[PDB]
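Peer 1: So I've got this file, work_14.cif, and it contains mmCIF, C-alpha atoms and all ligand atoms:
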```cif
data_structure
loop_
_atom_site.label_atom_id
_atom_site.label_comp_id
_atom_site.auth_asym_id
_atom_site.auth_seq_id
_atom_site.Cartn_x
_atom_site.Cartn_y
_atom_site.Cartn_z
CA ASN T 1 1.37 -41.10 167.11
CA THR T 2 1.28 -40.34 163.39
CA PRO T 3 2.37 -36.91 162.07
CA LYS T 4 -0.40 -34.78 160.55
CA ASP T 5 1.17 -34.73 157.08
CA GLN T 6 1.00 -38.54 157.05
CA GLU T 7 -2.55 -38.49 158.44
CA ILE T 8 -3.70 -36.25 155.59
CA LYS T 9 -1.80 -38.27 152.99
CA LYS T 10 -3.47 -41.44 154.32
CA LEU T 11 -6.94 -39.85 154.09
CA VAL T 12 -6.29 -38.77 150.50
CA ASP T 13 -4.95 -42.26 149.71
CA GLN T 14 -8.12 -43.80 151.16
CA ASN T 15 -10.60 -41.50 149.42
CA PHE T 16 -9.03 -40.10 146.23
CA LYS T 17 -6.39 -42.64 145.18
CA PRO T 18 -8.93 -45.44 144.42
CA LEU T 19 -10.54 -43.16 141.81
CA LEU T 20 -7.47 -43.57 139.58
CA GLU T 21 -8.10 -47.26 138.97
CA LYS T 22 -11.89 -46.94 139.09
CA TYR T 23 -12.01 -44.35 136.28
CA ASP T 24 -8.71 -45.18 134.52
CA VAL T 25 -7.33 -41.69 135.31
CA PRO T 26 -3.67 -41.17 134.34
CA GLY T 27 -2.77 -38.39 136.80
CA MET T 28 -4.11 -36.52 139.79
CA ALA T 29 -3.06 -33.76 142.18
CA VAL T 30 -4.83 -33.27 145.52
CA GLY T 31 -4.01 -30.47 147.93
CA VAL T 32 -5.25 -29.62 151.40
CA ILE T 33 -4.63 -26.37 153.22
CA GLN T 34 -5.35 -26.29 156.95
CA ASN T 35 -4.38 -23.48 159.32
CA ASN T 36 -2.04 -21.96 156.69
CA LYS T 37 -0.21 -25.31 156.23
CA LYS T 38 -0.26 -26.88 152.77
CA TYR T 39 -0.20 -30.59 151.97
CA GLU T 40 0.35 -31.65 148.34
CA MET T 41 -0.23 -35.16 146.98
CA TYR T 42 0.64 -36.07 143.39
CA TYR T 43 -0.23 -39.34 141.66
CA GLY T 44 0.29 -40.90 138.25
CA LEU T 45 1.35 -39.31 134.98
CA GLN T 46 0.78 -35.89 133.46
CA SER T 47 1.71 -37.48 130.11
CA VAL T 48 1.29 -41.22 129.64
CA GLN T 49 3.37 -41.44 126.46
CA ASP T 50 6.19 -39.32 127.92
CA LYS T 51 6.10 -41.19 131.26
CA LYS T 52 6.15 -37.77 132.94
CA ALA T 53 5.04 -37.81 136.58
CA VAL T 54 2.44 -35.41 137.96
CA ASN T 55 4.28 -32.95 140.21
CA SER T 56 4.13 -29.43 141.64
CA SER T 57 4.89 -27.97 138.18
CA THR T 58 2.08 -29.81 136.36
CA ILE T 59 -0.41 -27.47 134.67
CA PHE T 60 -4.04 -28.67 134.47
CA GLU T 61 -7.14 -27.19 132.77
CA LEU T 62 -9.63 -25.86 135.35
CA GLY T 63 -12.79 -25.83 133.18
CA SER T 64 -15.62 -24.00 134.91
CA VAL T 65 -13.45 -23.36 137.99
CA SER T 66 -12.09 -20.60 135.70
CA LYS T 67 -15.36 -18.77 136.46
CA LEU T 68 -14.04 -18.12 139.98
CA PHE T 69 -11.30 -15.96 138.47
CA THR T 70 -13.82 -14.21 136.21
CA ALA T 71 -15.92 -13.48 139.30
CA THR T 72 -12.86 -12.15 141.15
CA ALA T 73 -12.04 -9.90 138.19
CA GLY T 74 -15.61 -8.55 138.26
CA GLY T 75 -15.42 -7.92 141.99
CA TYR T 76 -12.16 -6.06 141.43
CA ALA T 77 -13.55 -3.87 138.66
CA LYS T 78 -16.68 -3.16 140.72
CA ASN T 79 -14.71 -2.12 143.78
CA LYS T 80 -12.36 0.11 141.76
CA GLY T 81 -15.43 1.94 140.42
CA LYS T 82 -15.00 0.70 136.85
CA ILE T 83 -18.42 -1.03 136.81
CA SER T 84 -21.58 -1.20 138.83
CA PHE T 85 -23.37 -4.54 138.99
CA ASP T 86 -26.57 -2.59 138.15
CA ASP T 87 -25.09 -1.57 134.80
CA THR T 88 -26.14 -3.25 131.57
CA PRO T 89 -23.71 -4.57 128.93
CA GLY T 90 -24.42 -1.82 126.37
CA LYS T 91 -22.80 0.73 128.67
CA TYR T 92 -19.47 -0.94 127.84
CA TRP T 93 -19.99 -2.95 124.64
CA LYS T 94 -21.57 -0.07 122.76
CA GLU T 95 -22.88 -2.19 119.87
CA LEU T 96 -25.28 -3.82 122.38
CA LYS T 97 -26.88 -0.49 123.32
CA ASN T 98 -30.69 -0.58 122.99
CA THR T 99 -30.79 -4.27 122.10
CA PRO T 100 -32.90 -6.65 124.21
CA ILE T 101 -29.83 -8.04 126.05
CA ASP T 102 -29.15 -4.47 127.26
CA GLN T 103 -32.08 -4.95 129.67
CA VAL T 104 -30.05 -7.53 131.65
CA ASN T 105 -27.72 -6.22 134.35
CA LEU T 106 -24.17 -7.39 134.99
CA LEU T 107 -24.99 -9.29 138.19
CA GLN T 108 -27.75 -11.15 136.34
CA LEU T 109 -25.27 -12.10 133.61
CA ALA T 110 -22.68 -13.23 136.16
CA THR T 111 -25.24 -15.32 138.11
CA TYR T 112 -27.08 -16.82 135.11
CA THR T 113 -30.52 -15.16 135.41
CA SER T 114 -31.03 -13.53 131.99
CA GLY T 115 -33.91 -15.95 131.35
CA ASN T 116 -32.74 -17.14 127.92
CA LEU T 117 -29.09 -18.22 127.85
CA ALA T 118 -28.21 -21.90 127.44
CA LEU T 119 -25.24 -23.87 128.75
CA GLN T 120 -23.14 -23.21 125.63
CA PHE T 121 -23.03 -20.90 122.66
CA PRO T 122 -24.38 -22.53 119.48
CA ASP T 123 -21.78 -24.69 117.75
CA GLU T 124 -21.53 -22.32 114.77
CA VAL T 125 -20.84 -19.22 116.89
CA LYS T 126 -17.05 -19.02 116.68
CA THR T 127 -15.68 -15.65 115.55
CA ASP T 128 -15.87 -12.32 117.38
CA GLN T 129 -18.41 -11.08 114.84
CA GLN T 130 -20.55 -14.18 115.36
CA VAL T 131 -20.50 -13.63 119.13
CA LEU T 132 -21.63 -10.02 118.67
CA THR T 133 -24.39 -11.07 116.26
CA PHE T 134 -25.52 -13.75 118.72
CA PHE T 135 -26.01 -11.17 121.46
CA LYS T 136 -27.61 -8.64 119.08
CA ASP T 137 -30.07 -11.35 118.01
CA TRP T 138 -30.84 -12.33 121.61
CA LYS T 139 -34.44 -11.94 122.77
CA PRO T 140 -35.88 -12.60 126.23
CA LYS T 141 -37.79 -15.73 127.17
CA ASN T 142 -38.43 -16.04 130.91
CA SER T 143 -38.70 -12.85 132.96
CA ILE T 144 -35.25 -11.36 133.57
CA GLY T 145 -33.81 -12.18 137.00
CA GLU T 146 -36.31 -14.90 137.91
CA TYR T 147 -34.73 -18.14 136.60
CA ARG T 148 -31.19 -19.47 136.98
CA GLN T 149 -29.81 -21.41 134.02
CA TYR T 150 -26.10 -22.13 134.37
CA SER T 151 -24.57 -20.68 131.22
CA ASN T 152 -21.19 -20.08 129.58
CA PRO T 153 -22.44 -17.27 127.29
CA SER T 154 -23.96 -15.50 130.31
CA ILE T 155 -20.86 -15.27 132.50
CA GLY T 156 -18.75 -15.02 129.35
CA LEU T 157 -20.48 -11.77 128.41
CA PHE T 158 -20.00 -10.60 132.01
CA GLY T 159 -16.27 -11.26 131.71
CA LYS T 160 -16.00 -9.47 128.36
CA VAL T 161 -17.74 -6.43 129.87
CA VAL T 162 -15.44 -6.51 132.93
CA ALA T 163 -12.50 -6.50 130.52
CA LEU T 164 -13.93 -3.60 128.50
CA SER T 165 -14.36 -1.62 131.71
CA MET T 166 -10.67 -2.18 132.50
CA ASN T 167 -9.45 -1.21 128.99
CA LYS T 168 -7.66 -4.56 128.55
CA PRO T 169 -8.42 -7.89 126.85
CA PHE T 170 -9.78 -10.43 129.31
CA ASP T 171 -6.68 -12.65 129.12
CA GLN T 172 -4.59 -9.64 130.19
CA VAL T 173 -6.98 -8.77 133.03
CA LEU T 174 -6.15 -12.16 134.52
CA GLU T 175 -2.51 -12.52 133.50
CA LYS T 176 -1.43 -8.94 134.27
CA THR T 177 -3.78 -7.89 137.10
CA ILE T 178 -5.68 -10.65 138.91
CA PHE T 179 -3.13 -13.50 138.93
CA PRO T 180 -0.28 -11.23 140.14
CA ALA T 181 -2.52 -9.72 142.82
CA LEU T 182 -3.33 -13.21 144.14
CA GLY T 183 0.33 -14.26 144.03
CA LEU T 184 -0.18 -16.89 141.31
CA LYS T 185 2.93 -17.34 139.16
CA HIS T 186 2.04 -20.53 137.23
CA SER T 187 -1.54 -19.76 136.18
CA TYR T 188 -2.43 -18.88 132.61
CA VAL T 189 -5.13 -18.25 130.09
CA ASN T 190 -2.57 -18.99 127.36
CA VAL T 191 0.27 -21.29 128.39
CA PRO T 192 3.56 -19.94 126.98
CA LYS T 193 5.92 -22.04 124.90
CA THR T 194 8.43 -22.06 127.79
CA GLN T 195 5.84 -23.87 129.96
CA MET T 196 4.35 -26.32 127.44
CA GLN T 197 6.55 -29.09 128.87
CA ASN T 198 4.55 -28.69 132.11
CA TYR T 199 1.10 -28.67 130.48
CA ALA T 200 -0.46 -32.09 131.14
CA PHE T 201 -2.18 -33.94 128.38
CA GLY T 202 -5.85 -34.37 129.10
CA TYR T 203 -7.37 -37.77 128.44
CA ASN T 204 -10.76 -38.41 126.86
CA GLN T 205 -13.07 -41.29 127.73
CA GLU T 206 -11.01 -43.55 125.42
CA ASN T 207 -7.81 -42.54 127.28
CA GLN T 208 -6.57 -40.63 124.24
CA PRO T 209 -4.47 -37.48 124.85
CA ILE T 210 -6.28 -34.19 124.17
CA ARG T 211 -6.32 -30.55 125.27
CA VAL T 212 -9.01 -27.85 125.22
CA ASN T 213 -9.95 -26.31 121.87
CA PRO T 214 -10.62 -22.60 121.25
CA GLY T 215 -14.18 -21.45 121.68
CA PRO T 216 -16.29 -18.29 121.85
CA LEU T 217 -15.59 -16.33 125.06
CA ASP T 218 -13.61 -19.34 126.24
CA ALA T 219 -11.31 -17.34 128.51
CA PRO T 220 -13.92 -16.01 131.03
CA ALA T 221 -16.00 -19.22 130.91
CA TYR T 222 -13.37 -21.99 131.10
CA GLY T 223 -10.04 -20.57 130.02
CA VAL T 224 -7.67 -20.95 132.99
CA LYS T 225 -4.89 -23.50 133.48
CA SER T 226 -3.04 -23.75 136.79
CA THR T 227 -0.91 -25.88 139.11
CA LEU T 228 -1.73 -27.44 142.47
CA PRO T 229 0.47 -24.94 144.39
CA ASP T 230 -1.25 -22.01 142.67
CA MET T 231 -4.69 -23.42 143.38
CA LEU T 232 -3.75 -23.85 147.06
CA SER T 233 -2.64 -20.21 147.02
CA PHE T 234 -6.00 -19.27 145.52
CA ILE T 235 -7.79 -21.16 148.30
CA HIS T 236 -5.53 -19.40 150.82
CA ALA T 237 -6.57 -16.05 149.35
CA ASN T 238 -10.24 -17.00 149.72
CA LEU T 239 -9.64 -18.14 153.33
CA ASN T 240 -7.71 -14.95 154.23
CA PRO T 241 -8.91 -11.98 152.18
CA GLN T 242 -7.77 -9.57 154.90
CA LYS T 243 -4.19 -10.38 153.79
CA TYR T 244 -4.55 -8.53 150.45
CA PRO T 245 -4.80 -4.83 149.54
CA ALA T 246 -8.21 -3.22 149.86
CA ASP T 247 -9.34 -3.61 146.24
CA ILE T 248 -8.36 -7.28 146.03
CA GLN T 249 -9.74 -8.04 149.49
CA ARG T 250 -13.06 -6.47 148.48
CA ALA T 251 -13.00 -8.38 145.18
CA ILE T 252 -12.62 -11.69 147.01
CA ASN T 253 -15.39 -10.75 149.43
CA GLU T 254 -17.69 -9.98 146.48
CA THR T 255 -17.23 -13.55 145.28
CA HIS T 256 -18.33 -14.80 148.73
CA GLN T 257 -21.56 -12.78 148.89
CA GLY T 258 -24.57 -14.99 148.23
CA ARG T 259 -27.02 -13.37 145.84
CA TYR T 260 -30.03 -15.72 145.81
CA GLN T 261 -30.90 -19.34 146.54
CA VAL T 262 -32.07 -22.41 144.68
CA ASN T 263 -33.22 -24.66 147.55
CA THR T 264 -30.14 -25.30 149.75
CA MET T 265 -27.66 -23.80 147.25
CA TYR T 266 -26.67 -20.14 147.53
CA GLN T 267 -25.39 -18.63 144.28
CA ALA T 268 -22.45 -16.34 145.07
CA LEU T 269 -20.30 -14.74 142.34
CA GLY T 270 -18.77 -17.80 140.65
CA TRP T 271 -18.71 -19.80 143.89
CA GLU T 272 -21.58 -21.92 145.09
CA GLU T 273 -22.22 -21.41 148.80
CA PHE T 274 -23.84 -23.54 151.50
CA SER T 275 -24.62 -23.43 155.18
CA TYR T 276 -21.96 -25.34 157.09
CA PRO T 277 -22.05 -28.11 158.18
CA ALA T 278 -23.59 -29.16 154.87
CA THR T 279 -25.07 -32.61 154.42
CA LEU T 280 -23.50 -34.66 151.65
CA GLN T 281 -26.84 -34.64 149.82
CA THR T 282 -26.95 -30.83 149.84
CA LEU T 283 -23.59 -30.79 148.08
CA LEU T 284 -24.59 -33.52 145.62
CA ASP T 285 -27.86 -31.68 144.82
CA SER T 286 -25.86 -28.65 143.66
CA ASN T 287 -24.41 -30.79 140.86
CA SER T 288 -27.67 -32.60 139.96
CA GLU T 289 -29.07 -32.47 136.44
CA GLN T 290 -31.99 -30.41 137.78
CA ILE T 291 -29.69 -27.68 139.08
CA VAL T 292 -26.90 -27.70 136.46
CA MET T 293 -28.81 -28.34 133.23
CA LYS T 294 -32.32 -26.93 133.73
CA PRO T 295 -33.75 -23.51 134.55
CA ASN T 296 -34.87 -23.08 138.16
CA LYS T 297 -36.77 -20.25 139.82
CA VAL T 298 -34.56 -18.37 142.28
CA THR T 299 -35.59 -17.15 145.73
CA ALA T 300 -34.18 -14.41 147.92
CA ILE T 301 -31.81 -15.41 150.67
CA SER T 302 -33.69 -15.88 153.95
CA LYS T 303 -31.12 -17.51 156.23
CA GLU T 304 -27.86 -15.67 155.73
CA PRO T 305 -25.46 -18.36 157.04
CA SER T 306 -22.83 -17.06 159.45
CA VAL T 307 -20.98 -20.39 159.15
CA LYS T 308 -20.67 -21.44 155.54
CA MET T 309 -18.67 -23.25 152.88
CA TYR T 310 -18.07 -22.80 149.17
CA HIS T 311 -17.29 -25.09 146.26
CA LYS T 312 -17.12 -25.34 142.48
CA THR T 313 -16.59 -28.20 140.04
CA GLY T 314 -15.13 -27.83 136.59
CA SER T 315 -14.35 -30.06 133.63
CA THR T 316 -12.98 -29.84 130.14
CA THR T 317 -12.94 -32.63 127.54
CA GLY T 318 -9.84 -34.06 129.21
CA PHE T 319 -9.68 -32.70 132.78
CA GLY T 320 -11.54 -32.55 136.06
CA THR T 321 -11.36 -30.02 138.89
CA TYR T 322 -12.97 -29.56 142.29
CA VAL T 323 -12.27 -26.79 144.81
CA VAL T 324 -13.87 -26.37 148.24
CA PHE T 325 -13.19 -24.28 151.33
CA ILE T 326 -14.65 -23.75 154.80
CA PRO T 327 -13.62 -20.37 156.28
CA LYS T 328 -14.36 -20.95 159.97
CA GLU T 329 -12.53 -24.30 159.86
CA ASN T 330 -9.58 -22.59 158.12
CA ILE T 331 -9.45 -25.46 155.61
CA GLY T 332 -9.82 -26.14 151.90
CA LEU T 333 -9.12 -28.78 149.30
CA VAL T 334 -8.25 -28.87 145.58
CA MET T 335 -8.49 -31.85 143.24
CA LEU T 336 -7.06 -31.76 139.69
CA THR T 337 -7.20 -34.72 137.29
CA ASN T 338 -6.21 -35.15 133.65
CA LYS T 339 -9.34 -37.19 132.94
CA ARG T 340 -12.93 -36.42 133.83
CA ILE T 341 -14.51 -38.30 136.70
CA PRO T 342 -18.09 -37.98 137.92
CA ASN T 343 -18.71 -34.82 139.91
CA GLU T 344 -20.40 -36.83 142.68
CA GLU T 345 -17.16 -38.79 143.19
CA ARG T 346 -15.15 -35.58 143.56
CA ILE T 347 -17.64 -34.16 146.05
CA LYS T 348 -17.88 -37.39 148.08
CA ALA T 349 -14.12 -37.90 148.31
CA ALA T 350 -13.49 -34.31 149.43
CA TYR T 351 -16.34 -34.54 151.96
CA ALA T 352 -14.84 -37.69 153.49
CA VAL T 353 -11.34 -36.18 153.69
CA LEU T 354 -12.39 -32.81 155.09
CA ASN T 355 -14.68 -34.31 157.73
CA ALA T 356 -12.04 -36.79 158.91
CA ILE T 357 -9.04 -34.45 159.25
CA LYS T 358 -8.35 -33.74 162.92
CA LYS T 359 -8.92 -30.15 164.03
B1 LIG T 401 -19.17 -25.08 134.16
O1 LIG T 401 -19.53 -25.80 135.46
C1 LIG T 401 -20.21 -27.06 135.29
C2 LIG T 401 -19.51 -28.15 136.05
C3 LIG T 401 -20.24 -29.42 136.14
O2 LIG T 401 -21.40 -29.57 136.70
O3 LIG T 401 -19.72 -30.53 135.61
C4 LIG T 401 -20.33 -27.27 133.77
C5 LIG T 401 -20.92 -28.35 133.07
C6 LIG T 401 -20.90 -28.29 131.64
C7 LIG T 401 -20.34 -27.24 130.98
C8 LIG T 401 -19.75 -26.15 131.70
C9 LIG T 401 -19.75 -26.19 133.11
#
```
Please express what this file holds, its structure, as structure tokens.
Ligand SMILES: *[B@-]1(*)O[C@H](CC(=O)O)c2ccccc21
Peer 2:
Amino acid sequence: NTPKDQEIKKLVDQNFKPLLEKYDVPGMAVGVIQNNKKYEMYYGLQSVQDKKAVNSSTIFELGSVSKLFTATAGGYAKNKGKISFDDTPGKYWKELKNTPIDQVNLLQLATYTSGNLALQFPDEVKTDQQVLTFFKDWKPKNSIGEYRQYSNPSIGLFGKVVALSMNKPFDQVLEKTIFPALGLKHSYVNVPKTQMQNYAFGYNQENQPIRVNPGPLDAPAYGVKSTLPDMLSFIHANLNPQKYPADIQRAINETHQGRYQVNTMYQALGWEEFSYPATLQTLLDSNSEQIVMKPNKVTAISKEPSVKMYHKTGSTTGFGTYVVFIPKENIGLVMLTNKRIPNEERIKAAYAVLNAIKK
């Protein structure tokens, strides 16, 4: 005898709200979408010093969840005939022609299998010229295509190439093409002055206010900021790609296509994919040190799961993000915080909520 909106709010209170005190997190937004109905829950402060409450207008940094938009942009360019995933980067960034990195194809860049690209660019690589020199100086290590090492430079280069193929800077690919196509009106690579009042402070581990700093190829790797309503709309788009024009529908579907496996994890384009129902440990394994921080040999997909789910975590210095959706259950969840919390806690809390919501 309790309305569903209250049932979902109670589940989020039971599973996400305690994380605020446990990790001293100033502000949090959690959203659930089920059967095209959205439920938004806001807690705490987007700015401690300004006593400004988290609300539907609050803009949060998505960290690596930005890679889902980069992947969507690549799927869009591929389906418009602007790139093939079998192309190499020198076809588009001409200064890379006939360098060793020009042996790596675009899908391998997007899915982290070049064989010699680390988590981050070197600290000293900052300017556009330094980024170019870094890729010109790149040499192979492991055999191309065989080992996954999650990597910002890898998918960053993919995003730069996607942008070159579309004749626009990457920030404009998202702000002028991809965000409008997905119906997102409060999502940004660069937050404009007229929206800075809505941009949350992030909070470091000392609870000091901070925001993300510029970095090499930051936009395609971790450059997006968004609101809870926009992220629910993005989940809706992933749950209902048939509701978009052909090129955008196909772009979304590209991001859902698993490309290879590492144990129980399927690497799609940006998204991680799993057979559903997934055990909690399967989902935790995807964020283990072994999977995130080390190279792992990839295997071809054997079981192509008809019933599946997708997720991605992201963090910046001052923010945490988790997004997850389950197509055949018509459900998804978004968590945004303005302080990092352990990825396992995000995954566990979402798992508990999603499994307990009545169908
Ligand atoms: B991008 O995605 C992962 C998210 C995570 O496991 O916390 C990541 C970690 C470190 C840098 C960049 C990313």
Peer 1: Residues within 10 Å of ligand LIG 401 (chain T) should be enumerated using only C-alpha atoms and all ligand atoms and returned as a PyMOL selection string.
Peer 2: chain T and resi 62-67+119-120+150-152+221-222+270+286-289+291-293+312-317+320-322+340-344
Peer 1: Nearest to residue 61 (chain T) among T:224, T:335, T:349, T:163, with distances taken over only C-alpha atoms: which residue is it?
Peer 2: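 Ranked by minimum distance to residue 61 (chain T), first place goes to T:224.
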Peer 1: Identify, on the basis of all atoms listed in the file, every residue whose closest approach to residue 268 (chain T) does not exceed 9 Å; exclude the query and any residue fewer than 4 positions from it along the same chain; express the result as a compact mmCIF listing (two decimals) with C-alpha atoms, in the coordinates of the input.
Peer 2:
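result_17.txt written:
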```
# COMPACT_ATOMS: atom_id res chain seq x y z
CA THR T 111 -25.24 -15.32 138.11
CA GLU T 254 -17.69 -9.98 146.48
CA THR T 255 -17.23 -13.55 145.28
CA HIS T 256 -18.33 -14.80 148.73
CA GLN T 257 -21.56 -12.78 148.89
CA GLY T 258 -24.57 -14.99 148.23
CA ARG T 259 -27.02 -13.37 145.84
CA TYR T 260 -30.03 -15.72 145.81
CA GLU T 272 -21.58 -21.92 145.09
CA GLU T 273 -22.22 -21.41 148.80
CA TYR T 310 -18.07 -22.80 149.17
```
Peer 1: Considering all atoms listed in the file, can you say which of T:199, T:4, T:39, T:166 comes closest to residue 82 (chain T)?
Peer 2: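 Among T:199, T:4, T:39, T:166, it is T:166 that comes nearest to residue 82 (chain T).
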Peer 1: Could you check which of T:182, T:27, T:5, T:95 is closest to residue 129 (chain T), using all atoms listed in the file?
Peer 2: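 Among the listed residues, the smallest separation from residue 129 (chain T) belongs to T:95.
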Peer 1: Output region 52-72 of chain T with N, CA and C atoms present, as a short mmCIF file (atom, residue, chain, number, x, y, z; two decimals), in the coordinates of the input.
Peer 2:
```
data_model
loop_
_atom_site.label_atom_id
_atom_site.label_comp_id
_atom_site.auth_asym_id
_atom_site.auth_seq_id
_atom_site.Cartn_x
_atom_site.Cartn_y
_atom_site.Cartn_z
N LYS T 52 5.82 -38.94 132.14
CA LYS T 52 6.15 -37.77 132.94
C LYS T 52 5.23 -37.72 134.15
N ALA T 53 5.82 -37.77 135.34
CA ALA T 53 5.04 -37.81 136.58
C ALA T 53 4.33 -36.49 136.86
N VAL T 54 3.10 -36.59 137.39
CA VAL T 54 2.44 -35.41 137.96
C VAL T 54 3.29 -34.89 139.12
N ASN T 55 3.44 -33.57 139.18
CA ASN T 55 4.28 -32.95 140.21
C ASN T 55 3.81 -31.51 140.43
N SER T 56 4.53 -30.79 141.29
CA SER T 56 4.13 -29.43 141.64
C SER T 56 4.15 -28.47 140.45
N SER T 57 4.87 -28.80 139.38
CA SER T 57 4.89 -27.97 138.18
C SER T 57 3.79 -28.30 137.18
N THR T 58 3.05 -29.39 137.37
CA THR T 58 2.08 -29.81 136.36
C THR T 58 0.95 -28.80 136.24
N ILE T 59 0.67 -28.40 135.00
CA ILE T 59 -0.41 -27.47 134.67
C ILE T 59 -1.61 -28.27 134.17
N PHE T 60 -2.77 -28.01 134.76
CA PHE T 60 -4.04 -28.67 134.47
C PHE T 60 -5.06 -27.63 133.99
N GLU T 61 -6.01 -28.06 133.15
CA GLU T 61 -7.14 -27.19 132.77
C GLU T 61 -8.19 -27.20 133.87
N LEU T 62 -8.66 -26.01 134.27
CA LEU T 62 -9.63 -25.86 135.35
C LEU T 62 -11.09 -25.92 134.90
N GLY T 63 -11.39 -25.85 133.60
CA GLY T 63 -12.79 -25.83 133.18
C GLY T 63 -13.56 -24.71 133.85
N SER T 64 -14.77 -25.03 134.30
CA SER T 64 -15.62 -24.00 134.91
C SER T 64 -15.08 -23.40 136.21
N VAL T 65 -14.08 -24.02 136.85
CA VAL T 65 -13.45 -23.36 137.99
C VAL T 65 -12.81 -22.04 137.55
N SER T 66 -12.51 -21.89 136.25
CA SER T 66 -12.09 -20.60 135.70
C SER T 66 -13.06 -19.47 136.05
N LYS T 67 -14.36 -19.79 136.16
CA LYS T 67 -15.36 -18.77 136.46
C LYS T 67 -15.11 -18.10 137.80
N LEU T 68 -14.38 -18.76 138.71
CA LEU T 68 -14.04 -18.12 139.98
C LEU T 68 -13.08 -16.96 139.77
N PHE T 69 -12.19 -17.07 138.78
CA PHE T 69 -11.30 -15.96 138.47
C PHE T 69 -12.05 -14.85 137.75
N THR T 70 -12.98 -15.22 136.86
CA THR T 70 -13.82 -14.21 136.21
C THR T 70 -14.60 -13.42 137.25
N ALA T 71 -15.17 -14.13 138.23
CA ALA T 71 -15.92 -13.48 139.30
C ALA T 71 -15.02 -12.55 140.11
N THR T 72 -13.80 -12.99 140.41
CA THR T 72 -12.86 -12.15 141.15
C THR T 72 -12.51 -10.90 140.35
#
```
